[PDB]
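The first chain written gets the first letter, and so on, giving A, B, C, D and E; residue counts start at 1 in each chain.
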Amino acid sequence: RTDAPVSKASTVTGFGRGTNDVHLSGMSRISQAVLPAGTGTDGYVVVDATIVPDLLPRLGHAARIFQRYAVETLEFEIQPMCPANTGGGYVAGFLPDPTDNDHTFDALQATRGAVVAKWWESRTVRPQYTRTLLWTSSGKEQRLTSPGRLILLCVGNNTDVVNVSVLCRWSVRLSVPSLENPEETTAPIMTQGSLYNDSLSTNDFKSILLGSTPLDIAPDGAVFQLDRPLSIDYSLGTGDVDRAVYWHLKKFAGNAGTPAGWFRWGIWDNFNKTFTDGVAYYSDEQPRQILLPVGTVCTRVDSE
Amino acid sequence: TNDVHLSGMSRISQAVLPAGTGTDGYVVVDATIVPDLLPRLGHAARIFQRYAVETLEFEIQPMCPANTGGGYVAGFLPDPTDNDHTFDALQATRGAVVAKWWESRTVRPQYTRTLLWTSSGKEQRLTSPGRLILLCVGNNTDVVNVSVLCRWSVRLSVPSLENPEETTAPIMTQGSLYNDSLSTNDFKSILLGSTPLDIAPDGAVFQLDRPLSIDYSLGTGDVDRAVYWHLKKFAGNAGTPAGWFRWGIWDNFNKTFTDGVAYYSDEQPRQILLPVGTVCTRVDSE
Amino acid sequence: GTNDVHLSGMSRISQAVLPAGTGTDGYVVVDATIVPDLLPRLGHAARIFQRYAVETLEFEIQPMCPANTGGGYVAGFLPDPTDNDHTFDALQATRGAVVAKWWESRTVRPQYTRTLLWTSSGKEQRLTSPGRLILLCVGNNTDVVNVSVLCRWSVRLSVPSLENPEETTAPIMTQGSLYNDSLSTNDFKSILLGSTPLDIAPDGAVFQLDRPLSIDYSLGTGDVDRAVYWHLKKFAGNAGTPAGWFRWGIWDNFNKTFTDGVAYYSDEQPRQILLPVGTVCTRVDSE
Amino acid sequence: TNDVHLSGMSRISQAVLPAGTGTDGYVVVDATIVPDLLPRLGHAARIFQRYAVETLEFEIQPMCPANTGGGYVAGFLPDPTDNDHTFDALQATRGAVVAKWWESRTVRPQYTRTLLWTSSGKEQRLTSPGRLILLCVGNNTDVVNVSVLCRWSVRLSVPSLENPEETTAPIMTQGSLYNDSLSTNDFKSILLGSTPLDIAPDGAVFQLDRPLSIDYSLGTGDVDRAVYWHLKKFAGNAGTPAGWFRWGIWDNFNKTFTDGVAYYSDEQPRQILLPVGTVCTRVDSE
Amino acid sequence: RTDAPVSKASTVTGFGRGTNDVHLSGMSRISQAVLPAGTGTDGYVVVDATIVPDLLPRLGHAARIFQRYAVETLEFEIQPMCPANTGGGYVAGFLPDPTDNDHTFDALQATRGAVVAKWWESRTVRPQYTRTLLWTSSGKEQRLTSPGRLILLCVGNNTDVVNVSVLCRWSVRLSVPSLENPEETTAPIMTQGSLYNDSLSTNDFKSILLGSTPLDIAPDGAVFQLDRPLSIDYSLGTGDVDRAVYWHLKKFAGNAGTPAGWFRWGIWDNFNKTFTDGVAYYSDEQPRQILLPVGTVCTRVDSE
């Protein structure tokens, strides 16, 4: 027998008490190449993979529930498929800085774990990694969301086709409970090639021009966004030179003739999840202009 | 007891992937596990309605020269409903293996181990414990003639006589058929995105669970609409390895196909005819 | 007695009358798909709980006819409710299956797998039904046979619920291909589909389809349009055609009434199949 | 054993007593306990002939604002025969409760606990363990929407199939119908003094166990006498909340009502037509 | 220190917890007769008393507070007062069915306890009774409110006046708490005589005609009610034969010439507790009619 109050009190009891930790692990292919005979000249950077939960598929999804993760174990296996008579060599190693962009044989052998071997032999690379707790959501500084990157370079010239596959065996512990939308969980990518407005087409441009191993082997229909604005020279149609400013790209698949592919600029309407295309570039007697400089960061924005 | 245990080893399937064909990802066997597919069990199942799986292993068995230098990944996906052939999907399963094309390997899956039906039905999680997919991981140098073997033991439960056209696994489309992809009388099998359909022999007949609408004309500038529920596979060759499908009428009594009406395209609006996830049972006897 | 009850009863499944000389080897006299509703005392309990599991099944044939009739039958319980093969051999394969003269009652005592089932029907039917009893002829019946089939059952009901009287009746798979050659402008024959549940369904009945019924039509002007209907309604057969006939149209659902909405055009078209083997016809009408 | 135990919780009934209506004594639910009234048990009873009560509790459940300041008394009277709705009668029973309209309470009655029939019969002490009455104790300030719940467990004994029109509780009149209270074609339900009749929906049909005599005329100054056994409820509204009854003919096969002859009053002596204690079963399907 | 609510709660504590059982007993006269010499022919049913709390006066009142009662002990004493030289015989016995209406010596001696004796001897009848729980409120079935009835029949012809008195010694237990109005606690009575509309008067009729031992020795001014309607043939006054329907009677006391008495029909207005009288019966050339058949149940409705 209790009295009738003005207002009863809340009885929302089990709230804010969600599962906290998860150890989780597996083995994931982290890339695959095929090199035809001539290709594979000394030093050709066959692979360059920045490690982030997203790259390890199974992990990537669990990471969308917690805010931190910390690496408990990593190794990579190399496992090219090729017969004994192939006389080319590779060198792999895990770079513990995710920002480091200089890929030389000399800079790998320097890394702990690094391996060197003819194409017909498998190898295991038992690397050195942070074992501290990084973040699952991408951020401004990369040093905080990734423990480093795994690169593999040719060492001689392959006599024949090389079918390399590079597997990462991981185990990791996810630390903090939270809900992170799949847009922010993507890894940022730095270009290593200048984009000139002399090297253009009316509505697209080459992906090899940017000189980035990820953007080269990036998938179709894939909408990106940039930190730096893109300057498109358009016209009213009186011989008039006007200026347009777009922030977003769109990947189109490549060819056997054009290894890397295209990139159509435009507008990524996020409120409605769609992608408009960018205005006709005006070819003109306009001074040479770098529209996007070396080091432009491109972060994937569409639904994954 | 009334229950019957049975065990054996049997070839689940055999593909030949010829020289140079095939590239990382290329699905070289996609087999939905049901007793019909397992030869000796095939006949035992025609007798009862219900089976339950006691043991399952697949032994991969590829045949090529030692210098072949391609590669494959194999594995067993427990969801006969899950339709995702990517390597990443495979590498996520238990049992999964990877090797060079000259190496046999044994995939040791985990599976339902529960009581399932022999004849197909709407929900195919009660007809099958899962499906095995084997993919390419590189480009194969040589002809490889892979023969995947399955060692199996099962428990068969209630006696029955089973219609053999019913025992077969339903195949699902992976790609949409658009109206603008039809030729006058046929279309390319590859459009449907399904390896089991692509490799179904010449003259296989399939019923669809969704209507195939064919716009036609009398030849007066007048567009009319027809409906069809059956397809006939016309075998693929070197020029068109997926082969072709003709729509038409399957007569279930006489067991005969009659080709349907010609497609007439006349300034029609964009249309989806057979959306992805269209189900295609084998109705013709084997 | 909060959640589980055992119920036992026996109950008529179905009655059939064979006119004299009707029926022949393999004539399907009764195809009854089992569901709690079809068995009368049980159907009331299955409305109370939403899960049930079968513990004993037994059917008694009891055909009534003169001692001289001299045709025959064969009956059995076929545990897959999905199984549409109604051949003699396939029936005789069923455990407990019996074959006898039209003037001999028999009892079929089968085995069933005794799974937990649902009371309210859903998409997969092997979760709502333990199977279907079939009875078919094995010679020509000389006399009229008025066959009643009984079912003795004991069952375990499990999860307390209260179901609505509309969802409980199990849908029907069509057995035969409906060609457009067979159409008449107002209606079509029931025997063409070949489903004995359809062939027997009482008139004023309404059945929704899972596949679209594509009706050709024209207001006039020598002009062929194309129309769509999801429903069917049963119009009773007469001694000349016992099958009955089906008339398409519109089943207004708020209405609680049928509207024929049937227009057809008979013309030189290429032969088509409108409703193929396997079409699922759910009973939607008022109850 | 052949006996079946069954237990549940179910709403016995739900009244809305609107703002200001209702005064100390006003009967707001009067429900004779039989399995039909208890929803889930309703169906179980249609199967057997006999039930016996194992447990019974009512939980009262009134819904209004906290400031409602009326009141009610509830209880369970063990005599389905006893026809006395007074507070004093209620306060005499075991279980009886009193509260403000915003307070739920639980009445814990004492009941027969013996073996009873499912279908109605002459002596209704064998069809029911009693009846629950809930009354007003003050004037209610606000609209209250009271929903009285019953938690019950029972034992059902012999299997049977039961006619659902037979399962229903007979209603007894509380007030006499006098001849001088008839209108030309109808009379006011309130005259009969029965809450269950007063709240029976529009179009309910009732059979009487006593004849309703209607004096009529041909229009010649000649008085004649007719007899009727059926009433039809015509729904009550704000102006006449009890509604009205028309006498007539119920056709039991076609399940249709035909209104009877007009009443003609012509210097007739005072008469009792339907004495108090006239029994009125629901014959129309529900 | 408690806060002020919107509404305090009910404090109606001791409710619904009334006294439950009562054993209670006594000895009550259940009837009395006086038989003048000639009367008392073999088999004359001198007494016929249906046992119900009401008949036992003290008990009758307690019974209005509980719903059930169950009999714990019964005996009857017979105790005629008469001198040794009276040469007649009686036979008593308790019929355990309250509905049984055939009173023969042969049907008593059959009953357990039954006694037979010359008028000048007392007797005790130790009967057989239900000992189950009946109901205090009358109902449709009598088998449920009464354990049976005590009848006493003459056995020879009394030479002299016979003053018999028949006492019932009882003990009973009252089971269920409730409040039962004195109108429903009365016992129903079945007639054993047809009422013809040829055997009538303008406003009343004989009580012996009904042929019921209770209704015969029923008291004055005593308003009854029937299950079956009564058909009174009245007139508008043009020689017109109209039809009237009354449900209620009224007892008027009897005579030395008319042992049983009268019964005036009418209207028992219960809302106001009064009794109107019924219309002038129209004597007419009307076909012979049974107005109330054998077995009509008459239940007392006025205040007791």
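Going forward, contacts are C-beta pairs under 8 Å (C-beta built on N, C-alpha and C of every residue); 3 or more make two chains touch, one makes a residue touch a chain.
Each chain and its UniProt protein: A, B, C, D, E = Capsid protein alpha.
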item: Chain pair showing more contacts of the two, C-D and D-E; value: D-E
item: Of all other chains, the one whose Cα centre sits farthest from subunit E; value: A
item: Interchain centroid distance [CA atoms averaged], subunit B/subunit D, Å; value: 66
item: Whole-Å gap separating subunit B and subunit C, where each centre is the average of the chain's CA atoms; value: 32
item: Separation of subunit A from subunit C, taking each centre as the mean of its C-alpha atoms, in whole Å; value: 59
item: Residues of subunit C touching at least two other chains; value: none
item: Footprint of subunit D on subunit E - complex, ascending; value: 5-7, 9-10, 12, 15-18, 20, 65, 67, 135, 137-141, 144, 176-181, 184, 225, 229, 234, 236, 240, 242-248, 267, 270-271, 276, 278-279
item: Of all residues in subunit B, those that touch subunit A in their complex; value: 23-24, 66-71, 87-88, 91-92, 98, 100-101, 137-139, 141
item: Residues of subunit D touching subunit C in the complex; value: 2, 4-8, 39-40, 43-44, 46-47, 153, 155, 159, 161
item: Interface residues, subunit A side, partner subunit B - complex; value: 26-29, 32, 34, 57-58, 79, 81-85, 160-161, 163, 165, 167
item: Interfacial residue positions of subunit E with respect to subunit A in the complex; value: 3, 5-11
